Every structure is written in structure tokens, then in C-alpha cells.
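Student: Turn this into a model:
(10 chains, ligands or ions: 2)
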Amino acid sequence: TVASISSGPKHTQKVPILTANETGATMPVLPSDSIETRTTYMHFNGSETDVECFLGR
Amino acid sequence: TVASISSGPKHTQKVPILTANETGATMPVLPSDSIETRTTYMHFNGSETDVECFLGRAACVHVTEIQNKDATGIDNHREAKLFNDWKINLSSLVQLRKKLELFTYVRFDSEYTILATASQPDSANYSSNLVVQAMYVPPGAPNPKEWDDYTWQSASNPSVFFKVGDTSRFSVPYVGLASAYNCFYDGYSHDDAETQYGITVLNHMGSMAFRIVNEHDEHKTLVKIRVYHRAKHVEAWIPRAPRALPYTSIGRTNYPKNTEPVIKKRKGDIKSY
Amino acid sequence: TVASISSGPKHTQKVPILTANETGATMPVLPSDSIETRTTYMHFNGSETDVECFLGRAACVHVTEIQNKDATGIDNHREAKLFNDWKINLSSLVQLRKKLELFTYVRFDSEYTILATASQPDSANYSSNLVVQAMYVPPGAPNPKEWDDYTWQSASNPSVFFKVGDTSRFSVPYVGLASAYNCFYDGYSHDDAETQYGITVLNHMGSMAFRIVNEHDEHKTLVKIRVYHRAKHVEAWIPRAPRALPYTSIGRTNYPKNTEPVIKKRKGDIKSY
Amino acid sequence: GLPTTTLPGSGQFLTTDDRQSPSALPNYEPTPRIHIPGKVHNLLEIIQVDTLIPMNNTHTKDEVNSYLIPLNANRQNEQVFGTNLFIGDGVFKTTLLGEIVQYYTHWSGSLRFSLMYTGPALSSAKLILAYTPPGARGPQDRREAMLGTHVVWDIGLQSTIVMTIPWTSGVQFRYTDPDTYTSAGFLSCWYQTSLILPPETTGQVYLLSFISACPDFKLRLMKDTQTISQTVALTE
Amino acid sequence: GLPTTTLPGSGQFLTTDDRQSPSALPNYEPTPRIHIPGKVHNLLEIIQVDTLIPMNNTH
Amino acid sequence: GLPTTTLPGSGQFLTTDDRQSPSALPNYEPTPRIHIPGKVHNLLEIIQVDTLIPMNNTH
Amino acid sequence: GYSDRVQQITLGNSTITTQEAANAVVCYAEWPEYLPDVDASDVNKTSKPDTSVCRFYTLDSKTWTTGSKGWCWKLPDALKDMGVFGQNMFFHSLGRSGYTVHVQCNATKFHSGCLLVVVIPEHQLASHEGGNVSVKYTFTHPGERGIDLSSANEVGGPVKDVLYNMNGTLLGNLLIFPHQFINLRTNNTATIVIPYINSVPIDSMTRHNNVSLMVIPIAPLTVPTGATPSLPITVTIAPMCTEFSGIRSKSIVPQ
Amino acid sequence: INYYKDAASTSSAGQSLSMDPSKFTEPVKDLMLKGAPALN
Amino acid sequence: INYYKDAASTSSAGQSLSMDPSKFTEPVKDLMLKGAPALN
Amino acid sequence: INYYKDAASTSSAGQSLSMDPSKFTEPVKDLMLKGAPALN
Ligand SMILES: O[C@H](COc1ccc(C2CCCCC2)cc1)CN1CCN(c2ccccn2)CC1
Ligand SMILES: O[C@H](COc1ccc(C2CCCCC2)cc1)CN1CCN(c2ccccn2)CC1
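Tutor: Numbering: from 1, shown residues only, chains lettered A, B, ... in the order given. Ligands and ions are numbered 1, 2, ... in the order given. See the structure here:
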């Protein structure tokens, strides 16, 4: 799984960082929408935040 | 496997025993390069020198003590040893410490065994049966303040309850923040002019709190806790020179002043046997 | 299997019962060589005379004793039996010793069982519950000096913790330096004019240290340790004459002076029944 | 309900046993491993790297000088140094080899002893190193020394000489803590001809000496080292 | 009778262990589940919804 | 957790029983065996060698 | 006619030639390489100035005399002020690098003396005070000057006792670390290639030094008769495969 | 191996490995594409 | 048989049986052959 | 079933069922046949 993909300079008409929060959504913006990133992998599953785990001790 | 091959007289232009140590290598010279040998087999694998084996037996890492007594009128439970904590480390007691510091970075799972025995140094009718409670108060979690705080509810924090005289045992995954634990760290936590140096900064793992669950009987009971630690699934990188001088502090390399010569002086000459 | 075959009258030139013992042989003569026999079967295998069976049951090899008491002001823990050691041997108690010395070289794995019971010879309110600590201090390792030395950390040395009244048990591979243990050794450790003779020199295996982990209660408690040893995976070479006279020392063959006749004198003649 | 019987040893804690345990942190995900140069797998890997021996032990406080074996120009027939081979004690004891051997009870195998010469390049020398197998005394003169394992070393362009103490033994293991029956011999070194310094040069020259184990080597039965102890627990 | 040995840790209660237990109510039948909008499975699902920060903390 | 019941005899030490035990020296390698003439396997092997009888016991 | 003896290292816009080498050591048998994605954590693209940072900087020279005890430099500290390497260093949040170290000392065939040149990963120093006294920042960040083991104890500084490696271990065992000797009679330089060694993929270049380079006289310098009794030792070091990441404002560090 | 008959007596459940924040993070009626204008 | 779910809870690891001293004993850049001259 | 890893930890060995007294009862160099004269 990639945690971040590689992304480079941008000069577009397509701006993912401008939104309208009045709508009630949290738009899924990522580091790679606003800086230049390199690939990295997650190495993690989110196992210990499962509700079974959270309420299970 | 052969430990030595058979080899006979030599009169060559090819001399394996002359080398240049300035290069930094240790050339793999064998008995058969300089005497006449006969075949012999190894009969041995080097099993018990594997690092998993070397670091894999339980070592005592900590001895603490708590007492069961009437807390009535005690203004500071922590101070009365009504309960106690351990700013968890593996470099307090030194037998295991010298072993680990043969390496720079080490990564492993731990298996803990906790033995608790009771003492009744002054007149008691009997020996009571106490249950010990040990809690892990990570960095940012509430620390117990009294021996019976809400903290001990430990609703999200792993805790084990066992009886004095018995032993408790479980195992923890490798909980280091980086890829390995640093046995050494030549750095600071930030570029501060007075911040502390060492590993004391890096190895931030919280304390393990112990208490007796029992209320008090008429006499007082001393319970002494011994924590044993066994590394399992060991991985070690970069060997270093063994520790020669005595240790003075958890986490610093410092040795004591006016220490004694560590190399044994000859009783005789260089020429002596 | 037949134990005896059927055999009838004989009038031969072939006499199996006349031999020459000067040769060193024991000729395999049977009932059927000299009387008339009938067939009978063995019905038996000789199972319980196998050397694995003969040396394979636990035998008491050592009884020692340690006490739990206030060490305050004790200048010599070892001497107060605050802790104790055993210069490990298998030739202290003699029931097992005579059995082993039927052979010259012996090789086997050992299974130890350690029973610890407590005694309170003088007025106590109760019986405390003590945990015993036994450590193996090989030749060159630190020996305990006090009952709570760094030694007891035992970070590299196998140690077992069990409760008084209980038993502890584990098994050790064959730890001899040679291919077998010498039951006898007609040699010295070097050609010295005054060095000791025997096996006392060869059989160098270190001591096993015992202590109570508990601090002291108001009364004193005597704990007496019994070590049992069972050979498993036995291999024995070269049978010898059984021991006739009493033993005097661990590791020497010496018998006591003015000992008594070991052969029972007849009450009567050679002719007596 | 299945019928069981418990045996002697139940409830004991043996620091050397290896069993499963419940994890206190169910479901936790450890940090990924990244690559780090230098991984060690066996202590046998590291005791083959050679390290310096403080052979010149004759000082009174630890000094850089006890690593230096001095050599005198123009001496003939004489002896450069001597030592027994109790690798767990004496000169050997603080070396990495000595230091690891001390974690085990028994050792067997060949040792590699080398000498690197540091005198001016325009000097010359011929030394003899001799290994004396157990059973005889430390040699007292080269004649005595030369009848056992030896190497005539000719000091040249090639700066180091590697002598091997081949495993000579009845019993297949020796004790690391010094023991008689189990003793390994002596190592001595003498002038074969003599050190000669070029003009305009003077004084003592020194040899550095190293020790490491051959691939031959075996160590067994782990135990605690006499090389470290303590009187109270340390704190931060 | 099968021979056993008990290890260190026997009888301990670790609040984080996960094992089977006898049911006190043998054979009881729980109420059927009906559908309810909003099921959460991971705390990671909810920390992606944004909420307001009291940035102006100065009161 | 599997349900068990312990029988009479639990915890006893019978010097003649034969069971497994943990090794105190995990991973240790014993010295190789070499050949030695004279191996004995059964006491029945040796009681077939004859030895002298002090028949004249009258001393 | 290639000898182990003559060598040329060209890195960036700078070249070194030695006519009296003794092979070269590559720590742990690994050559410096960039940070692979599979090992990456920070999502930032990194900056690889290449030839402007991966060239040879020659630190100021030392003087070996008969009384010398040895010198110690820390990396990347020693280079904190060299050209654009240094700027990059103070300006990014994180950086990573390997190095080629070339230590130089020539004499004549009448001199004797032997230096140990060793690289110690994570060399945590000891306070000469004992106990749990710390070693202040400035003291472990000497810069190009390095630490002079024959200088006096100072307050808040490390201990400078050579038989103990500045940490409670014996000089004799430093040979377990990648190292090479300079024996006037053999050798005139020492070269060690250092791969990046850390427990994290990239780190801060200012709060943590990841190797100390140490040059220690072991067989004392002995000059020919009526020669001047000293020789200079020069250290030239080149960052290799350097990467910087997390650019911003420019760190301010004590003193 | 379950040793017991009832389902309540079994150990903890096993990870949902379900995970779908959109019911919480994007409950909008007309779908919003990142990059397209929020309000048209 | 593992009785437990997590990997940390398993027993000790099993012998590397890896063993390669050359990273420590021969980290030289140009390969040295035993028997050939050290410095050419 | 061995529960333990090391060989020393296994139970007792099992009967040699070897049994050959001739090394002890007839170690003579030239073979003696029962019934034939001992000394010829
Ligand atoms: O073993 C320790 C595990 O930390 C915990 C975590 C949880 C608990 C709880 C779990 C629930 C039961 C109570 C204890 C105890 C210790 C980690 N340990 C920290 C110290 N560390 C090192 C490494 C290098 C140098 C010094 N120490 C070695 C690794
Ligand atoms: O059984 C002994 C094993 O030695 C140990 C080793 C370790 C321990 C420790 C292991 C960890 C637990 C504590 C005990 C105890 C004894 C060896 N034993 C030595 C004596 N030996 C012989 C042989 C012939 C004649 C006399 N004795 C028979 C064999």
C-alpha cells in the first residue's frame, strides 16, 4: 500500500485544495495535492484501532 | 565439515602468512598454512553463540518494593511505597547491560517474568495472601497518585493481577519508535545548549506501576518485586568494543574517576611466562 | 526363544564340559551339555537389566541447607548458610556411586529433581512462603559472595526459582569435556611432584548455588535442599570389579584402615552346608 | 473436562526455558525494519576480527604503551617476549577474543597470533615466534624454543606475520578460566638474527601484536563473565 | 491421565489476553440485529471527519 | 482455554517415572563420541564372565 | 602495473592521488547509496545537490608530535561550514549522507610511527565528571577543529583519556570498527568509505552526529636524528550520495 | 478450537478490516469531485 | 503450535545459521587473495 | 511427542536389545569350539 505517491510541480485550473466546508463534507485532501512528494508505503494496517480491539480489554 | 584438511611440506613463492595489517583486514589464515596437518572434522555448529541464544535467556532487570499497610494519614502513597513505579529501562543492572552493549542497535520482542515474594520483618500472626497489580502508564497517560486512584481501573492500559509468591508472565512486541533501539546515541533531543546527552532522551518508554490490591491487615507486609527480561526474535547490528570500566549511570557511557587499571600487570617481565 | 532344548543320553568323544580356564575365556556351557533336558522357553527379555534402566531412576545425590534470617551484621553470608553452594559431584552419597563405578567411562544426560522443605525449629507464628534461587557458577564465572550480590542477576547463567515444599526439575546435556566422564583416572593434571591424583582433577564442573529470595520475617526458617539425579541416554564402557570396602573420599579409591573382613567367615568347615 | 496429572517442576521459572506467552499489546504494529549495514548473527563471526593485545603489561596504570612490544637494535640470540596461553586471563583477557571467551565455559580451536612491525623502512630484522604445546615449560632459550611450532619471520615490505597456534590437544575442549589439566602451552619470540637500524636512526622500535580466532574455533556452555559487577542498581 | 507441567504465569489475569469462557446463560437467544445507519469499524474512520479547533484560546 | 481436571498423584515425584524436562543449557553441543572398546549394554552380559569364589571361607 | 598502492579518487570537481596507499576500507562492506522508497517515511521529495556537495573538503591540518594523544572529529559536524554542504545542512530539517575519508601523513624511510584511523558509528562520549554528568552540545560539536585528546578536561566537555576511547572501552578493541593503520614504513594515507548507518531512514544533521572519525598515534612518532620532531596529519573528507529534505527557515544552534 | 457450545463464549472477534469513512466524511447528496469547484 | 495470535508471543527464534564474517574481517575495497602479496 | 527442542530433554532411551557377551566371555585370539579340546 502506498502512503504517498510521487507527485511533481502543478500549474493547473484544477485546484483540489479550495473547497466549501459549508457542505458538511471533509474532502479527502493529501500531501501530494499541495507539495511535491516521493513514494512511501504504509507498512501498517490499523489493526489496533478496530472497535473490537478498542473495547476488547 | 572439515575443521582441518591434510597438508604437507611447502616450498613456495606463495606465502599466505605474510600480510599487511595496515589494510584493516584480518586475513583468514589457518593451521594448515604454516604447519603440516591431518584431516579432522568440526563436529560442531556454533548453535549457542547465535545472538538469539546469547540474548535469549531471562536476566534480572529490576528489583523494587512496595508494602501493604494502613494508608490512613499517609500524605504521599508513592513515598510510603504504598505503590511504586519503574521508569522502565534495561540498563540499571549490569550483567545484561554489558551483553547488549556489544551491539549498537538491537531489535527484539521481550518476554517478562515478574516474581513477587513477601517478607514480614516484624511480628505477624500470619502471612496474608496478597494480589499484586502492575500497570503500564505510557508517556501521556495518567500516573497513579494514590494506591487506589481511578488510574488503577486501567480500562485502556494492559495490567496483570497475580499473587505474591507466584510469578506473572507475558510478552510485548518490539515497541521502539525507530527500526531498532539505540544502544548508543551521540546526539541530543534538539539543538539546545543545555539539553541532556545520551540515550536517556531517545529511550522514552514509560513506567510500570505496581501496587497490592489487598486492603491492610493488622501487621505490615513487605513485597519485593523482581522483573526478569528475555529477548526473543533478536536482531543486532554493528558490533563494538566490550565495556571495560564500571558503569555509573543509566544511559551515559561515563565511567568513575580514579578507577583502577583494568589490564592486569605482569608479575615479572615482558619475558615472563 | 528356547531356554533349554531337549537333549538325551550322550556317549561321545566330544566333551563340552572339559575346558582350560587358563585361556581367559568363559566357555558357554549349558545344562543340556551335561544332563538330559526337556524343552522350555524363556518367556523373558532382560529388559530391566539394560544399563539405561539400571542407571535411569532418580537417586539422592546431595542434601544441603540454607536459612532465611536477618543478615544484618553477618560478616559472612556463606558461613551463616545465608546461601550455599555445592562443588557438584555424583560421588558424595554412595548408593548411586557403587552403581556407576561398575563401569570405567559413562556418558549420559542428567535429569535433576530438587526438593526443598522448610523447618521452623523454634517458635514461629507461622510458616512463611519462601522461593528458592539456584544458580550454576561455572569455572570462571563470579561466585556469589552475599545472598544478594550482582551474581544472582544470573543474566547469562541458567537459574530456576521454585517454592519451598515444591520441586524443581530440568535436564542437562552431557557437559563432560571428553567423550565420556571418567569414573576412574590413573593420572595427574600435570607432571607435578605434589599434584593431587584421582578424578578430582578431571571432573571439574563447578558448583550450584542456592539461596532464598525472600527477605527475613520475624522468625528464622531452615530450608533443607535435596538434589536427585537420574541418568537418561546412558552409555557405559569397560565393566570393573564391584566396590568391596567402604568409601572415604569423593574421587579417590581409598578405603579405611583396619576395615573389617568383607568375606563372611563360615560357621563350620569348608565341608559345612 | 480432560484428565491431567502435573509433574515435578510445575510452576518453576527456569531463566533458560523458551515458551509462548500472551502479548500484553494485542494487535500492535511494530515499526518497519529499514536496512542497516553491519548485522551480526553469531559471536563466532566477530571473534575472527583481530584486535591488539596489551602484551607489554609491565606498566602500573593502563597506558597506550602496554600495546607496544619494544625491540632493541643489535641484540643477538635473546628473547623478545613470553606469555602462557590462558586466553581467558592475563594479556588476552581484555582483548575482544578474551572478552567473549569469558562468556563461555569451554573453548576449542586454532588461534591466530600476528605481529605488525613499525620500525623505519630502512631497518631489517629476523625474529622467530614459537608455540610450545602443553607438557613442557616455557622455553628458556631459542634452542629450546625452536624445537616446537615456530615461524622465522623476515621483516620486509609485507609488514605483518600471522602465526597460527594450531589446536594441539588430547581432550577436545579446554576451560576458558585457567585450568591445569586443560592448559594450552606457551608462546615466546626471540631474535633470529637481530634488529639493525639504518644510519641517522636510533632507539627502540616496536611491534604491535593482534589476536583473533581461526574458523576452527568452538565456544560452548554460556555463563556469566568475571569482567563486570556492581554494588547498587544504577539510576538515571 | 495425560502428564502436564504448568509454566510461570499460570493463574494470572492479564486484562488484555483473549480466551474462551463458559457462558453463564447456556442456550439463550439474543435479540435479532436490525439495520441502523452509521456503523463505525475503526477509530481511523472517524478521525478523518474534521472538527473545529478552539484556536483563539486566549479567553 | 481447554477444560482439564487433575487426578490423584498430581505433583508427586516418583524416582522411577520417565518424562521430558526443559534443558537448562539450550543449544549446547556435546563432545563428539569417539570409539572405546568394551561397551556394556545389559548386566546380563557381564554376569556370564566367571569369577573366583572364596569357597575356603574358614579364615 | 596496478598496485594496491597507487589510487585516484575523483568526486565532484576534486581529485586525490595517493602513491602509497594500503587498499581502502568500505565500512561493513557496503558502499554509500541513496534512500530507497521502501525504506522512506517522510513524504517530502528530497534534494540531491550532487556535485556541489559531493566533493572533497580538506579540514585544517594537525601536528603529530611525540607528545600527541590523538584527535577526534564528528560527522556531519566537521563539515558544518564547508561550502554548500554546510548551507544545505542548516537549511533542511533532515539530511542523510555517506563519506569518503582520506587521512594523509607522509614522512621518510628513516621515520617510524603508526596511527590508527577508525570510524565509530554512534560514538556517545563520557563526561570526565563521572556519575551522570552530561557532555554539553558545544563540546560534542567542535566543528572542523575536532577534539584534541591531549587538551585539558573542560567543564561540560567529554573525558579525553585515550586508553578508554572516550567511553569506557579499551583502545585495543577499536579494531572491531572499520579502520586502517598509517605505518610510516608502509603506508602514507588511510581511506575509508562510510555508508549511512542509522536506526531511522533520515535524521537531523545538527542534533545527532552519526560517526566520529578518530586518528590516534599508537607507535609514537620517532624522527631521524636531528630531524624536526613532528609531522603534520591532514584529513580530507567528501560527502557522498547526500540528500536533504524538509527545507525551511535555517536552524540556529547553540554557541 | 472452540471448547464451548455457545457463541458468546468464543474469544474476541478479528479485524473488521472494513473501513469506509465516507458515511462520515462525505455524506453529501450530490457527489463532490476533488479538484472540481465545490460550488458551481 | 502457536496458541496465541500475535507474533511477539511465540518462542525464541531458531539459529540464524547465517554467519559471514567478511563484513567485519575483510571490508577492503580491492579484494585480497591469501598467498598473493598484500601490497603490490 | 517431544515438547522440547533439545535432545537432552527427552525421556529415557529404550532397550539396547544389543547384548553380546563375547567381548567379555571369549576374548581369545584363536576361536575355541565347545566340545573340541581346549588345548591341542
Ligand atoms: O521490554 C520493554 C517493553 O516495554 C514495556 C511495555 C509494556 C509493559 C507492560 C505490558 C502489560 C503488563 C505490564 C507491563 C512493560 C514494558 C522495552 N525495552 C525498553 C528498553 N530497551 C532498551 C534498548 C536499548 C538500551 C536500553 N534499553 C529494551 C526494550
Ligand atoms: O549432572 C551434572 C550436570 O552439571 C550441571 C550443569 C548445570 C547445572 C544447573 C543447570 C541450570 C539449573 C541449575 C543447575 C547443574 C549441574 C554433570 N555430572 C557431573 C558428575 N558426573 C560424574 C561422572 C563420573 C563420576 C562422578 N561424577 C556425572 C555428570
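Student: distance between the ends of stretch G:174-194?
Tutor: End-to-end distance for stretch G:174-194, by C-alpha to C-alpha, to the nearest Å: 16 Å.
Student: residues near residue G:115, how many?
Tutor: 28 (other C-beta atoms under 10 Å in any protein chain shown). Any C-beta I mention is one placed from the backbone N, CA and C, and that applies to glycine too.
Student: To clarify, my last question referred to residue A:18.
Tutor: 9.
Student: Please report how far it lies from chain D.
Tutor: According to C-beta to the nearest C-beta, to the nearest Å, residue A:18 and chain D sit 35 Å apart.
Student: which residues does that residue contact?
Tutor: H:37, H:38 (C-beta atoms under 8 Å, 6 or more residues apart in numbering or on different chains).
Student: Need the three-state assignment for it.
Tutor: Look at residue A:18: counting by DSSP: H, G, I helix; E, B strand; the rest coil, its state is coil.
Student: who touches residue D:134 in this structure?
Tutor: Neighbouring residues of residue D:134 by C-beta under 8 Å, 6+ apart: D:168, D:169, D:183, D:184, D:185.
Student: what about 10 Å?
Tutor: For residue D:134, the contact set (C-beta atoms under 10 Å, 6 or more residues apart in numbering or on different chains) comprises C:190, D:84-85, D:168-170, D:174, D:180-186.
Student: What of residue A:2?
Tutor: Residue A:2 neighbours (C-beta under 10 Å, 6+ apart): A:32, A:37, A:39, A:40, A:41, A:42, G:37.
Student: Can you flag the buried ones in the residues you listed?
Tutor: A:32, A:37, A:39, A:40 (16 or more other C-beta atoms under 10 Å in any protein chain shown).
Student: Can you tell me how far the first one is from residue A:38?
Tutor: Translated: residue A:32. 10 Å (C-beta to C-beta, to the nearest Å).
Student: Check the contact lists of these two and give me the overlap.
Tutor: By C-beta under 10 Å, 6+ apart, residue A:32 and residue A:38 have these common neighbours: A:4, A:5, A:6, A:7, G:43.
Student: which of the residues you listed count as buried?
Tutor: Buried, going by 16+ other C-beta under 10 Å: A:4, A:7, G:43, out of the shared contacts of residue A:32 and residue A:38.
Student: now those in TSV, with secondary structure and distance to residue D:230?
Tutor: What follows is those, written out as TSV (DSSP: H, G, I helix; E, B strand; the rest coil; distance: C-beta to C-beta, whole Å):
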residue	secondary structure	distance to residue D:230
A:4	strand	48
A:7	coil	55
G:43	coil	46
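Student: any idea which of those residues is the one closest to residue G:202?
Tutor: residue G:43 (11.8 Å; C-beta to C-beta).
Student: and the residue nearest to that closest one when sequence neighbours are not counted, how far is that from residue E:48?
Tutor: In space, and not counting its chain neighbours, residue G:43 is closest to residue A:4: 3.8 Å by C-beta to C-beta, 6 or more residues apart in numbering or on different chains. For residue A:4, the distance to residue E:48 (C-beta to C-beta) stands at 16 Å.
Student: Check residue A:11 too.
Tutor: As judged by C-beta to C-beta, residue A:11 and residue E:48 stand 29 Å apart.
Student: Can you show me the helices along chain G?
Tutor: Counting by DSSP state H, chain G has these helices, from start to end: G:83-91.
Student: In this structure residue G:171 contacts residue D:53, no?
Tutor: No. Using C-beta atoms under 10 Å, residue G:171 is not in contact with residue D:53, being 11.9 Å away.
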